[PDB]
Protein chains: 2
Amino acid sequence: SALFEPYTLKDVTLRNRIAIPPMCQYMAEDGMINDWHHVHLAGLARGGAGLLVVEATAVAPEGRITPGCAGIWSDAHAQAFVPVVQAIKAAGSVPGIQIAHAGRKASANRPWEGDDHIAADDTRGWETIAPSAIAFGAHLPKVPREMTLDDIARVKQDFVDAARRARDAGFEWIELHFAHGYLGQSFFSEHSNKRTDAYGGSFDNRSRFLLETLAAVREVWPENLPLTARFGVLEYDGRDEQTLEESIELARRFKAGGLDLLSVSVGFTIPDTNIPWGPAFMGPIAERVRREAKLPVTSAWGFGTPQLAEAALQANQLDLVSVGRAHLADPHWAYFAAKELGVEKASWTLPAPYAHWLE
Amino acid sequence: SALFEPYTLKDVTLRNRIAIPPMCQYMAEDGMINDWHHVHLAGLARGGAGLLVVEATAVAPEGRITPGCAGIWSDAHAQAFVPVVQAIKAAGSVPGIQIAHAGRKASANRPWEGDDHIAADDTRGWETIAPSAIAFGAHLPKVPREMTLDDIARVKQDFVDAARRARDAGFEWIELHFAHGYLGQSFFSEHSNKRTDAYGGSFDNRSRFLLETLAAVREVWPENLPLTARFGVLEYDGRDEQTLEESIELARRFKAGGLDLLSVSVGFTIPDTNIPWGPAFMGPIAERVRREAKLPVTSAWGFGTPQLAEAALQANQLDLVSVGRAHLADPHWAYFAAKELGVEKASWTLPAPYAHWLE
Ligand SMILES: Cc1cc2nc3c(=O)[nH]c(=O)nc-3n(C[C@H](O)[C@H](O)[C@H](O)COP(=O)(O)O)c2cc1C
Ligand SMILES: Cc1cc2nc3c(=O)[nH]c(=O)nc-3n(C[C@H](O)[C@H](O)[C@H](O)COP(=O)(O)O)c2cc1C
């Protein structure tokens, strides 16, 4: 089975093509992770996936989505990851991390606590920053503060520091969060970026924050460990052909700038869209990016059906299959998938104290 | 659904009728548990079961089954359980522990490392003790040393110390391991107990080690926390009606001596038996013990099919359903069961960071 073939990128070898994508847990306190995350992540690593990408981890306090978000904006925050990284490695999975800044979508409630911007008089909230002083709208009505050039320099440096910290905590894979309407995505999109300086207007200018951040991170991130990003390549906003063409051009520039793999997603930059949700609906778009940018890709949404993951790999739509919610339902999804696809000794997807009894 | 009704025993309330029975992991070193067990157990607790019973934990070094077995024979061993107990509680499951002594079946290899008695010249092995100097046979050929009265007094005290330690580590439920051919079971069975002193011969004498151990433990175990035992009530050795009659009589004496619930199993005292394995095959025997001893019971073997667990409860064959291997396959089995049985808001079997997204 294609799903259970190893994958090598730079000096890192994944034992199979199952990636667990970043999934926010909303369980940190002042950015500090705790035994929620330790047990969650170590348990997932033991379930058999080849790569486990830690949830969106804020490069700066105001770049959290919510008061429960993980952070890596100080060395103490970074050191909290060390035992978890070591546990993921002990289980044979590759530890990755997504580093992030929520931009105008920051200062929001947890999804089961309203999912909306935090009220103005709530002591937990904070001012958001963005390319331009324009609200997302809907349940995220707060108008962000327009970033100064010094704010841009500071956030770039925050990404560099975060990557340096991730490296020194022992992560073997990094993902820059340039998707989902957060800060990076919002610099790229004309919907959110109305700047008239070097960071907005033209395609080169809208690309600039993302490319400069990638280049700055590349200076501290080891050349022998995969350097990746998540990026929303279309919005389903009636401008899809134009948007995908620009997004593919940016992917070519990312590749030229050292990006090893792109996690292909949707922008979610604005609320007024019509996304055609369905199982593996991203497969064809990911394939197009892969082909036109000649860059390895992953994508997500509905690949918890093992046959669909297998089909996408066999068709060369993707290089890795990201499986999210199915892993919240069953930490041992990889074992389920191995059984479904007829892998020999499927139970040995799991460690011996489980595998011996399930064979 | 009966499976999702709470259960109260003494001062402890389980949120549902799913028990995770003790399952040896063979991952400890010199009896000390480690992050294998922490993550394993905390992850199981978060999966939704009402009760999580920690694996057979040796009361003394020679009472381990294998070199990988957990122990509780010193205060340092006990203190290693404290963070795990606290994590199980934080997840809303009741933490229990099975305390044990492997008797003649001790000094064995891990199941995936031969499963047999350790060779005589292997530096990991040790002399086994038992009621009588008679080997199990088959893959456990070692002849144990016949216990002296002082050995019996010492092992009883080892059980007391283990129970005291479990109490002080924060366990809310204890299970004495008097099943599966280990020390306690082997005192009860005429196959293994050929003693002619106060601890063998008659039914009263063969019962004596078990009853004295229970009484000694009861002196240190809080009256407001469930005091339970696992006991093999028949062997499938051609003497089943006689054996079950004696075993039920012992269960009545256990109840009279403060036992709150009996986990009903098979003896496994000798190898030459013919066990009629099948889904829920223990249900009718557990029901008979429940009825004839008027004592709550649990049992195991094949209850990972949720409808079978539900049927056994509705028929009053059991009070709790023990689900073992299905939890090694899927730590979140309780969520699977809730969906299968049509429980409203089934995803909220799990904690919010999972439940919100699976609803
Ligand atoms: C609980 C949860 C939290 C998520 N947090 C993030 C995140 O931190 N970063 C990100 O890029 N995507 C995040 N996502 C998106 C997932 O990575 C993934 O793309 C999505 O769940 C679709 O895959 P699935 O159908 O397999 O769940 C999150 C999804 C879920 C369900
Ligand atoms: C990995 C493993 C280890 C076990 N270790 C113990 C143990 O520590 N104590 C015990 O009384 N039974 C032990 N058992 C028996 C289980 O508690 C249970 O009765 C058995 O697995 C049948 O239930 P199931 O069909 O749901 O797995 C073990 C079973 C397994 C699979």
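Residues numbered from 1 in each chain as written, not as in the entry; some residues may be left out. Chains lettered and ligands numbered in written order. Heavy atoms only, no water.

As deposited, the entry is annotated with X-ray crystallography as its determination method and 1.030 Å as its resolution.

Asks: When you look at the overall build of chain A in this model, what are you seeing that I'm missing?
Replies: Along its length, chain A carries 11 helices and 12 strands. Seen through its C-alpha atoms, chain A measures out along the principal axes to roughly 60 × 40 × 40 Å. With 359 residues in all, chain A has 64% of them scored as buried. A sequence separation of at least 24 residues applies to 70% of the contacts in chain A between residues at least 6 apart. Approximately 12700 Å² of chain A is accessible, and the part contributed by carbon and sulfur atoms is 49%. Between the averaged position of the 34 positive side-chain charges in chain A and that of its 45 negative side-chain charges there is a distance of 3 Å. (Helix = DSSP H or I, 4+ residues; strand = E, 2+ residues; numbered from the N terminus. Buried < 20%, exposed > 50% of the residue type's maximum accessible area, 1.4 Å probe, protein only. Contact = heavy atoms within 4.5 Å. Areas by Shrake-Rupley, 256 points an atom, 1.4 Å probe, with all protein chains shown as cover. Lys, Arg positive; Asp, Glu negative; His and termini not counted. Charge placed at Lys NZ, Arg CZ, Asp CG, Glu CD.)

Asks: Help me understand unusual backbone geometry in this model?
Replies: A negative phi holds for most residues other than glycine; trans holds for most peptide bonds. A positive phi angle is found at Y26 of chain A, which is not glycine, with a value near 60°. Topologically, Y26 of chain A is positioned in the loop between β3 (18-20) and α1 (35-46). The backbone phi angle of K294 of chain B is positive, close to 50°, even though this residue is not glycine.

Asks: Would you explain the sheet that holds strand β10 (residues 261-266) of chain B in this entry?
Replies: Strands belonging to one sheet form pairs held by backbone hydrogen bonds; the direction of such a pair is parallel or antiparallel. All names here are of chain B. Here eight strands make up a closed barrel; going around it, the order is β3-β4-β5-β8-β9-β10-β11-β12 and the pairing parallel. Taking each pair of neighbouring strands and ignoring which way they run, the sheet shows an average axis angle of 30°. Strand direction decides the pairing type here: strand β11 (residues 297-299) and strand β12 (residues 320-322), joined by two bridges, are parallel. Bridging across to β12, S299 finds its partner in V321. The sheet strands contacting helix α3 (residues 149-169) are β5 (94-100) and β8 (173-178), and the helix crosses β5 at an angle near 165°. (Pairing = 2+ DSSP bridges. Axes fitted to C-alpha atoms, helices over the stretch in contact; angles between N-to-C directions.)

Asks: For this particular structure, what's the right way to read the environment of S189 of chain B?
Replies: Residue and element names in this part refer to chain B. Along the chain, the position of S189 falls in the loop between α4 (183-188) and α5 (203-218). With relative accessibility at 8%, the residue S189 sits in the buried group. Taking the C-alpha atoms as reference points, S189 and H38, 151 residues apart in sequence, are found 36 Å from one another. With residues up to four places along the chain from it excluded, the contact list for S189 reads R206 and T269.

Asks: Help me understand the site of ligand 2, please; the structure alone is not making it clear to me.
Replies: Residues and elements named next belong to chain B. The environment of ligand 2 is formed by 18 residues, the closest being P22, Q98, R230, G324 and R325. A distance of 3.4 Å separates an oxygen atom of ligand 2 from a polar atom in the backbone of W301. Coverage of ligand 2 by the protein chains reaches 89% of its 610 Å² of free accessible surface. Those elements that provide at least two residues to the shell around ligand 2 are β4 (51-58) and α9 (325-329). Split into classes, the residues belonging to the shell around ligand 2 amount to 10 nonpolar, five polar and three charged. (Near = heavy atom within 4 Å. Polar contact = N/O pair within 3.5 Å; in protein donor to acceptor, adjacent residues only side chain to side chain. Nonpolar A, V, L, I, M, F, W, Y, C, P; charged D, E, K, R; others polar.)

Asks: Explanation requested: the pattern of salt bridges in the structure shown.
Replies: For side chains of opposite charge, pairing can occur when their charged atoms come near one another. Residue and element names in this part refer to chain A. Here the structure, examined in full by the defined rule, presents 46 salt bridges over all chains. Between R291 and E287 there is a salt bridge; the shortest N-O distance is 2.9 Å. One end of the pair, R291, and the other, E287, are both in helix α7 (residues 283-293), four residues apart, so they sit about a helical turn from each other. Residue classification places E287 among the partly exposed residues on the basis of a relative accessible area of 22%. (Salt bridge = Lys/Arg side-chain N within 4 Å of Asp/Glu carboxyl O.)

Asks: Explain the environment of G170 of chain A to me, please; I cannot follow it from the model alone.
Replies: All names here are of chain A. Within the element layout of this structure, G170 appears in the loop between α3 (149-169) and β8 (173-178). Of the residues examined, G170 reaches a relative accessible area of 17% and is grouped as buried. Aside from chain neighbours lying at most four places away, what touches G170 is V85, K89 and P95.

Asks: How do you make sense of the interface of chain B and chain A when you look at a structure like this?
Replies: Interface size is often expressed as the accessible area that is lost when the parts come together. If you look at the interface, chain B gives 29 residues, while chain A gives 29 residues. Taken over both partners, the interface formed by chain B and chain A buries close to 2700 Å², and the fraction arising from carbon and sulfur atoms is 70%. There are zero salt bridges connecting chain B and chain A. Taken together, the links from chain B to chain A amount to 10 residue pairs in polar contact. Within the residue set of the side of chain B that touches chain A, elements represented by two or more residues are α1 (35-46), α9 and α11 (352-358) of chain B. Class assignment of the residues belonging to the side of chain B that touches chain A gives a composition of 19 nonpolar, six polar and four charged. (Buried area = accessible area lost by both parts, 1.4 Å probe.)

Asks: Please clarify how the site of ligand 1 should be interpreted in this entry.
Replies: Residues in contact with ligand 1 amount to 18 residues; listed here are only the nearest, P22, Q98, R230, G324 and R325 of chain A. Bordering ligand 1 are residues originating from chains A and B. Measuring from an oxygen atom of ligand 1, one finds a backbone N or O atom of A56 of chain A at 3.0 Å. Within the contact set of ligand 1, a nitrogen atom lies 2.8 Å away from a side-chain nitrogen or oxygen of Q98 of chain A. Within the complex, 89% of the 610 Å² of free accessible area of ligand 1 lies under protein. Where the shell around ligand 1 is concerned, the elements lending two or more residues are β4 (51-58) and α9 (325-329) of chain A.

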